[PDB]
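S.K.: no sequence on this one, just coordinates:
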Ligand SMILES: *S(=O)(=O)c1ccc(CCN)cc1
Ligand SMILES: *S(=O)(=O)c1ccc(CCN)cc1
Ligand SMILES: *S(=O)(=O)c1ccc(CCN)cc1
């Protein structure tokens, strides 16, 4: 109830909500890659 | 009482078993003595964790070049976990290990460090690695720079028609059918040969293998120029491969670079087990002339690498060659089988009711028995390197023991001296003997006349005096009983019974004529042989004729059902594991459809159709025909996931017997297989069988 | 570049480490020679599976009674899995193993068979078995009929108020609080002594232990009449036990039958590590006179079993006793430490900046150094049996190596000959030396005048010539750096840096006065010692003064923060792992509240209350006071599940620095601990630290 | 929480009035609560000072914070106490109650402690709430 929401458009064609920001992918220094 | 039986089972199962052995490099001391180490692998049941544990132990041998000066142990036992295949380098300085830890890893060990490790799953060049004895292998190069093994062919990626993509792969091919190789080979369709470079780490899949063959049992060619392997034909469809040596196959050689395969044998029969000489000049392998019987006497053949000439070293023995040889029946030669001079080959083979060690000179073609004479026993050869052999010896009253020896020079192999590395305490409460039985004139066929069979009798020593008897025929039907350490017969003998194991006509170790006599006569020839043996033993030894029981599995269950159907006033109990009841309906559900035709007396051909005459002949030889006359209490054990013998075969017999109000007990294991080799399953089945036998007798 | 750093890290971490060793029984050959086997355990990091693997290897030694004729290997390396504790029987014929397979099992091995196995979880007499070096133990009886170990006390069963019963246990007690022993001892509240009978299989928990003590480190009394153990007081509440030797404890003996415990020492100080003589006549142990410092010089004391007389064999050394001894600082004696004659005791101890082996005669009280002289090095004693010692040797430029030797007779211990069992290839690109530093007259205290400290300098050999430097102070603060094989300093030296490890005043191995000087002066004496060492090294060796970096952990992080706060124009980079920032707020969250009072200069007492003067004094000694003056880039690593140092301490510093726009990088490991000893965590932290250092320098 | 705070004060300044006490996640030491809570401004605001970022610890502020804590009256406590704590609480760290528990136990005072390893500040889980309420009612009825 602090940040969450879910709203309809006046034309009822789009929906609006709030999500979490995407984080860049990460990997370890010692990772085996496919040959 | 269940408590005493459980205590006896715990006591008897404590004995371990020997699986493999290898020899280390030679070391010379400053004083002048020379010694070398031996690594042995043992396996043992564990009822607390209900698992088969494996451990390793090391021994040390001081020798003077041609005699064993001293031998001893070199530490305690260490239990391993995860090892699938292992191999020591030719120089003995490096070791290659395949481990499951679930992913698969290939590790290289040297001294007290692990030099390199490769995660075969991450590279994604193939599937799971084969670890069985049919196709699996792991070989070092002569330069010790590359490794060769066999893996599963990679499958194209697949996806569903309705898959969400984020804001290549075939669609609708995730449920295609990939045929496997049958029993104990689930999800094993098409193997491929893989070569790994240790220094760099790149894995390469060899090209040039024919598109209609499965490769296996590969080793590096002389000079590291190519790879020699065995190709099994899998067209138009795959047949069963376990305990069957009548599958069409050939020997091929392929260059490392992209090139065409070269044929080295005849592409009409079955060949197997090729080994290369120490001097890298000749190869030896086993060839089987026909494809009708699943097991038969074989030929030992030699191939010269440079002159390209093939000769037959050891041929087929019809009945007997002398008094100690009857043919080659082993399906695999030892990994090391050549002598130091690259002239003689040492192996082990059944002989009547025992197992012996033989040495054959490839130059001339003579065969010499190394363990001739004596009361009996079972020998197994594990390895030989620089004329030093490691063997395991066991008798029905003695658990396996480990010995070493030196191979004498040519012409004096009969004077080999054995030194005991590990000895086991015998059981003096068991006495075993061998009986020879000659069939009556009525039960003889014109083609093969004069054949005789054998039985092994175990009884409690120092008996006070009427005792019960338990009769066991072997499966196969082309197999045999040998005078080795068997657990359940030992338990039955120690608990108070007398065990009679029958080797009827058609067994291995008695010649090719014995093998060829049985087919086409199942259901009336073996049944009579067992009945004659039982009657002769009862009339000779003067046992208690009122308490006789039967036990067998697979074809043994077939024979037991036939016996309790045709002679309903002789036996008082019966135990069967995965029996064969209806041959006609077994054709469409088993993985070896040719077995039914071969045993019924007809030739098997692909693209065949059901015929009334063939089906009537198959139905006339089934024990179900004698179902209404059954009067003996029966206990059945079935494995639901069995592919060799479908489990509905026993269900038909159970329903027929239950419809007539006959005492029948049934046990079904949902996740077990044909062998019932799981520790919990095996223990439960054995305890139930012994309780049934003691209660009804 | 990350690729070169990763390759270097792999190459350096490929080296293994030695953990334990034991000696087998003596064997006499027919020729006349005598030999025995040695079993060694090694551990090694594996980055493919990201795990610490453990394996075992066996060696063989031929001796003539007083000299080593020959030595060699006896096979390959075998990797084990699941072993927690193991012990060989006194006669050497049987082996006891504790395994986790998740339940816990106790197994007995003899020759090539596992005689017995016990599922300790099924009997339900206690909890999990202790396997640490603080309380864990596993002992054989003199008759080899019983086993003694330590387990967790059983808790009464509990259930909820609202539980459905089918148509005894306390209700509402499932969330009670059970206090544990602190860091690395999660869910370890109250241990108990357990005795197992091998023949029968019944487990018994001994009675008579005082209700306010925790028992540990137990062994059988002479004649198998009772059990001797060490009891740690846990009233009114438990304090931290890891790396702390100032915990009140005593030595007790209790009979097997129900009876009252007997006291054998003084119940006012800390005692530890009791060992019994081979002739079962006397005991030796370590005693610490005070409880204020967490680590200090100790006393070696002897107790006679029959005369019941206690004497002090080795006493406290204030500054120096000769030129090779400075006191006993090891917290544990070897499992086998007595000579064959039950007269001399062999151990290892730090000495200035090295680690040496010492032999002490209990009759007189003299101490002899076995590895005196030379350039330096680090020795560790693993075992001694029948005057045959097994040792591990390492230097900053040489990985650990394994050697054996024979103890000379009394009065000639300086002429011991070592025979190399396993040798490692050195790294010629590292050159190390030792510097001695004398503080200026201003930085001296009246009570202890004339003390000096040391540093270890590692540099790349054959340098062309301005190089950067990395300065490392140790934690503790009562610990030290020794000239042993360290991984990260070696990597930094090989990559191009010069490493300076400082042993400031207050370290172990320099006498009791050095230990006692530090407390009450933290924050202004240690910091200055490091600054003086850095300035002297820079002015002498003529390095690159523009590129100097700091690195440390725990108290090392404390010192690093103090250094970057008070001298903001000297260092250009800093790396800290779990630092201590605010002493005042650390009291209420750590498991050792007495540490803050002891270091701040006050006496610790239970049932104490916060006072303004004490809290002001604690706040005056914290690096946070110098936070506004920080100008150096900082990289922080924190473990969220750390109990020794709460992770909010670093968060306060991070917030303060970030509020002023200072370049700061922070890494948080959700499931790591104080040590950060996980393979993945350690590798990631080391790579991040090296990348930060190379980028900013 | 804060009410439990008050409760502790009520058993330190007036030790001859109440015969039982139950507290859930109380606040014991304001001075040491600053560095572990997620709302550091609360301590300054309640203690009478203005909160500003990039601040430093001062002797006067810390003394004022310590003078207002119930721990000062710990030696005078005479009432049986039952404590419930949630180990994964971020609003009020659970060591605050542990300090009070240790101080009271060092003087041989009847104290019962319950710790929920995976609970939070609210203790809103059904099992946790039911167990805590039943334990509280049993304690109250037994001691009254
Ligand atoms: S069963 O155990 O009698 C049986 C029959 C035939 C085969 C094929 C040959 N190995 C296997 C098992
Ligand atoms: S930290 O590594 O500086 C540190 C400080 C004090 C101790 C207690 C004594 N072992 C442990 C770690
Ligand atoms: S506790 O329940 O007393 C407590 C105190 C202060 C706050 C912050 C304002 N919501 C929350 C809970």
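M.R.: Looks like it came in fine. Numbers count the residues shown, from 1 in each chain, chains lettered A, B, ... in the order given. Ligands and ions are numbered 1, 2, ... in the order given.
S.K.: and residue A:34, how many neighbours?
M.R.: 8 (other C-beta atoms under 10 Å in any protein chain shown). All C-beta atoms are positioned from the backbone trio N, CA, C, and that covers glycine.
S.K.: residue contacts, it?
M.R.: By C-beta atoms under 8 Å, 6 or more residues apart in numbering or on different chains, residue A:34 lies in contact with B:122, B:123, B:124.
S.K.: can you tell me which of those residues are in helices?
M.R.: Counting by DSSP state H, the part of the contacts of residue A:34 found in helices is B:122, B:123.
S.K.: any chance of a markdown table for the contacts of residue A:34, columns distance to residue C:130?
M.R.: Output for the contacts of residue A:34, formatted as a markdown table (distance: C-beta to C-beta, whole Å):
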| residue | distance to residue C:130 |
| --- | --- |
| B:122 | 38 |
| B:123 | 43 |
| B:124 | 44 |
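S.K.: okay if I get the contacts of residue A:34 as CSV plus distance to ligand 2?
M.R.: As requested, the contacts of residue A:34 are exported to CSV (distance: C-beta to the nearest ligand atom, whole Å):
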residue, distance to ligand 2
B:122, 37
B:123, 41
B:124, 43
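S.K.: now, among the contacts of residue A:34, which is nearest to chain C?
M.R.: Sorting these by distance to chain C puts residue B:122 at the head of the list, at 8.7 Å, by C-beta to the nearest C-beta.
S.K.: any idea how far that closest one is from residue B:106?
M.R.: 12 Å (C-beta to C-beta, to the nearest Å).
S.K.: run a quick neighbour tally on the one residue in chain A that gets nearest to chain D.
M.R.: Here the residue of chain A nearest chain D is residue A:2; by C-beta to the nearest C-beta that distance is 14.0 Å. Neighbours of residue A:2 under the rule other C-beta under 10 Å: 3.
S.K.: try residue A:27
M.R.: 7.
S.K.: how close does it sit to ligand 3?
M.R.: Distance of residue A:27 to ligand 3, given as C-beta to the nearest ligand atom, to the nearest Å: 40 Å.
S.K.: tell me the residue of chain A that sits nearest chain B?
M.R.: Counting by C-beta to the nearest C-beta, chain A gets nearest chain B through residue A:32, at 3.7 Å.
S.K.: who's sitting farthest from the centroid in chain A?
M.R.: The centre of chain A is farthest from one residue, residue A:35, which by C-alpha atoms, centre = their mean lies 31.6 Å away.
S.K.: excluding its backbone neighbours, what's nearest that one?
M.R.: Nearest residue to residue A:35 in three dimensions, chain neighbours excluded: residue B:123, at 4.5 Å (C-beta to C-beta, 6 or more residues apart in numbering or on different chains).
S.K.: from chain A, which residue is nearest to ligand 1?
M.R.: Relative to ligand 1, the nearest point of chain A is residue A:35 (40.0 Å; C-beta to the nearest ligand atom).
S.K.: what's near enough to touch that residue?
M.R.: Contacts of residue A:35 (C-beta under 8 Å, 6+ apart): B:123, B:124, B:125, B:202, B:203.
S.K.: hmm, try it at 7 Å
M.R.: Residues counted as contacts of residue A:35 (C-beta atoms under 7 Å, 6 or more residues apart in numbering or on different chains) are B:123, B:125, B:202, B:203.
S.K.: do you know how far the second one is from ligand 2?
M.R.: To tie it back to what came earlier, the one meant is residue B:125. 46 Å.
S.K.: one more: the last one?
M.R.: Taking C-beta to the nearest ligand atom as the measure, residue B:203 and ligand 2 are separated by 45 Å.
S.K.: which strand residues bridge that residue?
M.R.: residue B:196 (DSSP bridges).
S.K.: ok, how many other residues are close to the residue of chain A closest to chain B?
M.R.: By the criterion of other C-beta under 10 Å, residue A:32 has 15 neighbours.
S.K.: residues contacting stretch A:10-22, please?
M.R.: A:3, A:4, A:5, A:6, A:7, A:8.
S.K.: try 10 Å this time
M.R.: Contacts of stretch A:10-22 with the rest of the structure, by C-beta atoms under 10 Å, 6 or more residues apart in numbering or on different chains, involve A:3, A:4, A:5, A:6, A:7, A:8, A:9.
S.K.: for the second one, grab the count of nearby residues.
M.R.: Using other C-beta under 10 Å as the criterion, residue A:4 is surrounded by 8 other residues.
S.K.: phi, psi of it?
M.R.: Phi and psi for residue A:4, reported as degrees, to the nearest 10, are phi -70, psi 150.
S.K.: next up, the contacts around it.
M.R.: A:17, A:18, A:19.
S.K.: what of the fourth one?
M.R.: Taking C-beta under 10 Å, 6+ apart as the criterion, residue A:6 is in contact with A:15, A:16, A:17, A:18.
S.K.: adding distance to ligand 3, write these out as TSV.
M.R.: Listed next are those as TSV, based on distance: C-beta to the nearest ligand atom, whole Å:
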residue	distance to ligand 3
A:15	32
A:16	29
A:17	27
A:18	22
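S.K.: which of these sit farthest apart?
M.R.: A:15 and A:18 (11.5 Å; C-beta to C-beta).
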